[PDB]
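Everything on this sheet refers to the single structure shown next.
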There are 2 protein chains.
Amino acid sequence: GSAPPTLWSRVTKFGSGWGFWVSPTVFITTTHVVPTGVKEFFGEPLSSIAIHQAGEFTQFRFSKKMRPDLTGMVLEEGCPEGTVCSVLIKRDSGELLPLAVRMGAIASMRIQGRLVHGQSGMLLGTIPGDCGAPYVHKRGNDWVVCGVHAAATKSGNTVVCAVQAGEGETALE
Amino acid sequence: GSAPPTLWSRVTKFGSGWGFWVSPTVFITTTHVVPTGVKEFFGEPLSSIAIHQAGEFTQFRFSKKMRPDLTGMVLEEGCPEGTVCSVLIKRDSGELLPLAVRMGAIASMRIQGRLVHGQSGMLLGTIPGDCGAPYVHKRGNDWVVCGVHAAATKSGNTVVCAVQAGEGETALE
Ligand code: NA
Ligand code: NA
């Protein structure tokens, strides 16, 4: 039931937050934590990276294997209503803080003046430096990632992860 | 635990949907079901009504008692994460269909091109003619209303009620 060390090892300091290695070549993070004005990520020049961004979701596909130690894992666009996920929060000190969250609706929501395609959930807290941490859940014997931490209410108990673009009938559109 | 007949009696056919008597003078409904081009509601000329509208939430305060048989009850701006509500759906045939829903985040969400301030929830379905039906929950021995039905996902299991305007620290802003 608990996230294994290898899964934690995918959570990586990045910009003003974190991101997550989905596979040896694919890294996801929250758009607002991506460093501005740089010419490279992880030592790779931007022209060698396929950079996809939609709202608060960012995905990099590097041309070379950056984490060849990892298997690929499944990235999905959010998860069903009511799914219990874990937000794999690393702190700068090194502390690991997995937070349980029961997920709600996928929607495009106005957050601080911007429209954000994401999924809200209820914590069962986060701090601003936690953005980019992955929302994961276990499916059978494997873990699935379905979002990256993007926002929280000032109370704390509501959180939002950014999710990949895509329409579908289970989401509010 | 079940909604009493008097509570159901507050649910009232209105426009292309329904609305709800909060008190003898106050009626709430969903903005998009309000009839267009009319000069009166419930026989009262518009100038005798205080009509408040914010997004998909509409409130009328009539100058005279329209339902003097009713007590006032509490209207709140949505409810806490995880609250189980009941959507008091009447159908045109007369059927009553209370639907249980576990509520999620209060947010401003894009729905069919419009921004809607509301609260999403998971059904524990609705049809388009159900808009305006109240979302209620029981608090002690009394019932509280906290939204009016506004939208549902094409799957059905996610619903949205419009809620009153107002900012606060438990909502996504
Ligand atoms: Na939080
Ligand atoms: Na429904």
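Just the heavy atoms: all of them, side chains too, but no hydrogens, waters or symmetry mates, feed the values below. Naming: A, B, ... by sequence-line order, numbering from 1 per chain.
A distance-only check finds a donor-acceptor pair linking the side chain of A/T12 to the backbone of A/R10 [under 3.5 Å]. In this structure a side-chain-to-backbone donor-acceptor pair under 3.5 Å is present from A/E56 to A/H32. Remark: side-chain polar atoms of A/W143 are not paired, donor with acceptor, to backbone N or O of A/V74 under 3.5 angstrom. The main-chain N or O of A/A162 is never found under 3.5 Å from a side-chain atom of A/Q119 such that the two would form a donor-acceptor pair. In terms of modelled atom types and a separation under 3.5 Å, the side chain of B/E173 and the main chain of B/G168 share a donor-acceptor contact. Here the side chain of B/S48 pairs no donor or acceptor atom with the backbone of B/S63 at under 3.5 angstrom. Checking side-chain atoms of B/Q59 against main-chain N and O of B/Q53 turns up no donor-acceptor pair under 3.5 Å.
Counting heavy atoms from C-beta outward, A/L7 and A/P5 have side chains that stay 4.5 Å or more apart. Put simply, the side chain of B/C161 does not reach to within 4.5 Å of the side chain of B/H149, judged on heavy atoms. Side-chain contact between B/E40 and B/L46 is absent, with no heavy-atom pair separated by less than 4.5 Å. Residues B/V148 and B/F57 are in side-chain contact: their nearest non-hydrogen atoms beyond the backbone lie under 4.5 Å apart. Residues B/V159 and B/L123 have side chains in contact (heavy-atom distance under 4.5 Å, counting atoms from C-beta outward). A heavy-atom distance below 4.5 Å is found between the side chains of B/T6 and B/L70. By the 4.5 Å heavy-atom criterion applied to side chains, A/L124 and A/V101 are not counted as neighbours. Between B/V144 and B/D142 there is no side-chain heavy-atom pair separated by less than 4.5 Å.
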Before giving the answer on side chain to side chain contact (heavy atoms under 4.5 Å, CB included), spell out for A/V38 and A/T36 the whole-Å C-alpha distance, their side-chain angles and the decisive distance to 0.1 Å. CA-CA 6 Å; A/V38 294; A/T36 181; over 6 Å; no
What's the verdict on side chain to side chain contact (heavy atoms under 4.5 Å, CB included) for A/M73 and A/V145, showing C-alpha distance, side-chain angles and the deciding distance? CA-CA 8 Å; A/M73 66 180 284; A/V145 58; 4.2 Å; yes
Could you go through A/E76 and A/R139, starting from their C-alpha distance and side-chain angles, then the distance that decides it, and tell me whether this counts as side chain to side chain contact (heavy atoms under 4.5 Å, CB included)? CA-CA 12 Å; A/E76 287 182 345; A/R139 162 176 307 153; 2.8 Å; yes
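Annotation for A/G72 and A/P24: closest pair N-CD, 4.3 Å, computed over non-hydrogen atoms. Taking each heavy atom of A/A152 and A/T126 in turn, the nearest pair found is CB-OG1, 3.5 Å. The shortest non-hydrogen separation linking B/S155 to B/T153 is OG-OG1, 2.7 Å. Taking each heavy atom of B/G140 and B/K138 in turn, the nearest pair found is O-CG, 3.3 Å.
No more than 12 heavy-atom neighbours from other residues, nucleotides or ligands sit within 6.0 angstrom of CZ on B/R110. Heavy atoms from other residues, nucleotides or ligands lying under 6.0 Å from NZ of B/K13 number more than 12.
Under the 4.5 Å side-chain contact rule for hydrophobic residues, B/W18 and B/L96 share a cluster. Follow the hydrophobic side-chain contacts under 4.5 Å out from A/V34 and you reach A/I49 in the same cluster. In this structure, B/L75 is a member of the same hydrophobic cluster as B/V26, with clusters built from ILVMFWY side-chain heavy atoms closer than 4.5 Å. No path of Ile, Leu, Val, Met, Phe, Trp and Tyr side chains, each step under 4.5 Å between heavy atoms, connects A/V160 with B/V163, placing them in separate hydrophobic clusters.
Side-chain polar atoms of A/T58 and A/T29 form no donor-acceptor pair below 3.5 angstrom. Side-chain atoms of B/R67 and B/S23 form no donor-acceptor pair, as typed in the model, at a separation below 3.5 Å.
In summary, of the residues considered (A/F62, A/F60, A/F14), a ring-ring contact (aromatic ring centres under 6.0 Å, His included) with A/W21 occurs for A/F62 alone. Checking B/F41, B/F20, B/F42 one by one against B/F27, the ring-ring contact (aromatic ring centres under 6.0 Å, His included) holds for a single residue, B/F42.
Taking 4.0 Å as the cut-off between side-chain N and carboxylate O, B/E167 and A/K154 do not count as a salt-bridged pair.
In this structure, the separation between CE on A/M109 and OG on B/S120 is 8.5 Å, given to the nearest 0.5 Å. Rounding to the nearest 0.5 Å places CE of A/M66 at 10.0 Å from OG1 of A/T25. The structure places OG of A/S47 at 12.0 Å from NZ of A/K39, a figure rounded to the nearest 0.5 Å. With rounding to the nearest 0.5 angstrom, the CG atom of B/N157 is 8.5 Å from the OG1 atom of A/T170. How far CZ of A/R61 is from CD1 of A/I28: 12.0 Å, rounded to the nearest 0.5 Å. Taking OG of A/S108 as the start and CG of A/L172 as the end, the distance is 9.5 Å to the nearest 0.5 Å.
Every residue two or more places apart in sequence or in another chain that forms a side-chain contact (heavy atoms from CB on, under 4.5 Å) with A/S16 is listed here: A/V33.
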For residues 77-93 of chain B, which side-chain donor-acceptor pairs fall under 3.5 Å, sequence neighbours excluded?
| residue | atom | partner | partner atom | Å |
| --- | --- | --- | --- | --- |
| B/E77 | OE2 | B/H117 | NE2 | 2.9 |
| B/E81 | OE2 | A/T158 | OG1 | 2.7 |
| B/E81 | OE2 | B/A105 | N | 3.4 |
| B/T83 | OG1 | B/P80 | O | 2.7 |
| B/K90 | NZ | B/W8 | O | 3.0 |
| B/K90 | NZ | B/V11 | O | 2.8 |
| B/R91 | NE | B/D130 | OD1 | 2.8 |
| B/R91 | NH2 | B/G125 | O | 3.2 |
| B/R91 | NH2 | B/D130 | OD2 | 2.9 |
| B/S93 | OG | B/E95 | N | 3.2 |

